[PDB]
Amino acid sequence: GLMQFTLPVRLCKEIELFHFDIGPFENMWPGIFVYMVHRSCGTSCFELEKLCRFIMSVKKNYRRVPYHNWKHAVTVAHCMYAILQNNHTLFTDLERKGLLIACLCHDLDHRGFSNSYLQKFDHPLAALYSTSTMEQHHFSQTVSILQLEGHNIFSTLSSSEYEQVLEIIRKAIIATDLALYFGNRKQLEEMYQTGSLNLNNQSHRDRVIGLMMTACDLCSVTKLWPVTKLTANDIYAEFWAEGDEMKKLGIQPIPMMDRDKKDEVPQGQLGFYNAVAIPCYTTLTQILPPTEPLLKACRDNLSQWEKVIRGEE
Ligand SMILES: O=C1CCN(c2cccc(F)n2)CC1
Ligand SMILES: [Mg+2]
Ligand SMILES: [Zn+2]
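For this deposited structure, the header cites X-ray crystallography as the method used and 1.9500 Å as the resolution.

And the structure:
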């Protein structure tokens, strides 16, 4: 019980900042995650032996894809850590427990392909799960790992608390389906403005947790520019592979996924920042004022992409 994780001084300090990059040393990522659980939840939230076995089984079930990989999982969990630590009193003990685990698990067994590609391929997962195809799969994989012998990190929870945390995790992972983000944020925008937003209303909390999940999932756009720019390469490496596989099915891919149209990427990023990222962090900042640094960092990166177009880099 008296065993803390301690990070080197630079990491101890920078891990608290929204724009923290977890670095290229894969062997430090489990420790970084446990550190965040301990400060965010408590040294008592999970049996360390069970947590460590859970983390390593989750790691093993992420694939060697350019972007939707183990580093993404830990990166998304860290953004959630930063949101939770800057909003100390707004979240229940169960929520803090559930949401870091949800973020670590949210892309389990990702193959580097969109729901659209699974559907056009006629992948079996598309038959099993007609909407949020990969996200239902990710939740399924999370449940499977929790049910491995010695992997049930929620064992000390009562039966009702166990049902509540699995429900928090299921909704959180489904919410990472970007197709669902647009309507979720629209409803949150309406509720904030008409003043009807009520954090004691479970359906309202669900919506707010959904937006937090989108914010954490997209957090590549809230890093310092050199991290954002280098991460963009990894995201486009997957999209360009999917575009190649679309062409193999005899379907012209959307320009975003066509490696023949690399020139259009800067303009595609503006659309994304304007249509998705900025609105996401804006609505999040309205509901949770201390998440403003995410919106400010996102705005800084929008300005960097505008400079790429203007040939200034
Ligand atoms: O339109 C799109 C632009 C590229 N996309 C993302 C998604 C997260 C982060 C980031 F830099 N880009 C997804 C689709
Ligand atoms: Mg996903
Ligand atoms: Zn993700």
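A. Seen up close, the overall build of the protein. Along its length, the protein carries 14 helices and 0 strands. Listing every helix and strand of the protein by position from the N terminus yields α-α-α-α-α-α-α-α-α-α-α-α-α-α. Whereas a compact globule of 313 residues would reach a radius of gyration of roughly 20 Å, the protein reaches 19 Å, a difference of no more than 12%. The C-alpha extent of the protein, read off along each of the three principal axes, is 55 × 45 × 40 Å. Excluding contacts between residues fewer than 6 apart, the proportion of contacts in the protein whose partners are at least 24 apart in sequence is 72%. Surface summary for the protein: the accessible area is close to 14900 Å², and the carbon and sulfur share equals 55%.

B. Structural detail: the state of the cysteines. Within the structure shown, the criterion is met by 1 disulfide. A sulfur-sulfur separation of 2.0 Å characterises the disulfide bridge that pairs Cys41 with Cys45. Between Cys41 and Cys45 the disulfide shows an S-S torsion of about -95°. By sign, it is left-handed. Residue class for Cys41 comes out buried when judged on its relative accessible area of 18%. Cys105 provides the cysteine sulfur closest to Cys52, a residue in no disulfide bond, and the two sulfurs are 14 Å apart. Looking at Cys52, the relative accessible area reads 30%, which means it is partly exposed. The thiol sulfur of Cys298 is not disulfide-bonded, and the nearest other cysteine sulfur, from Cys280, lies at 8.3 Å.

Reading the values: the criteria
Residues numbered from 1 in each chain as written, not as in the entry; some residues may be left out. Chains lettered and ligands numbered in written order. Heavy atoms only, no water. Helix = DSSP H or I, 4+ residues; strand = E, 2+ residues; numbered from the N terminus. Rg over C-alpha atoms; globule rule 2.2 N^0.38 Å. Contact = heavy atoms within 4.5 Å. Areas by Shrake-Rupley, 256 points an atom, 1.4 Å probe, with all protein chains shown as cover. Disulfide = S-S within 2.5 Å. Buried < 20%, exposed > 50% of the residue type's maximum accessible area, 1.4 Å probe, protein only.

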